[PDB]
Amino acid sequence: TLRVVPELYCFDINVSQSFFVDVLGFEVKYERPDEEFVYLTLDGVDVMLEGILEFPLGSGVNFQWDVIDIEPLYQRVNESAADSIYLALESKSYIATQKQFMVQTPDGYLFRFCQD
């Protein structure tokens, strides 16, 4: 049930959404128009679109990564490479809550570890 859902930043959200839907055949599961946010899936494999080899690599990509131990992992990272923490641990809610924090790897990739 744990998955990594890439969140891709797009220059022209309508252009990107059309490519994914019309060309690749993805289906829109839901959206947040005012944020130019689109959650898509292709047979159960999901991807997120959000409108706007040199370090940092992976520009525009944010790996939303499901974990089972958000607190222990956060403490493990603070204990071994605190400077790699990009966004501090937080509880984001809508009540439904999702704890998460971000890390930047040595290559520049950004990971958003999450747990509901």
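When you see a residue number, it is the position in the sequence shown, counting from 1.
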| property | result |
| --- | --- |
| Unresolved deposited residues in the interval that joins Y94 and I95 | 4 to 9 |
| Unmodelled deposited residues flanked by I52 on one side and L53 on the other | 10 or more |
| Between 59 to 67 and 84 to 92 (mean CA B-factor, as deposited), the higher | 84 to 92 |
| Higher-scoring stretch by recorded Cα B factor average, 23 to 31 or 37 to 45 | 23 to 31 |
| Cα B factor band for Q104 (lowest, middle or highest third within the chain) | lowest |
| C114 CA temperature factor, ranked by third within the chain | middle |
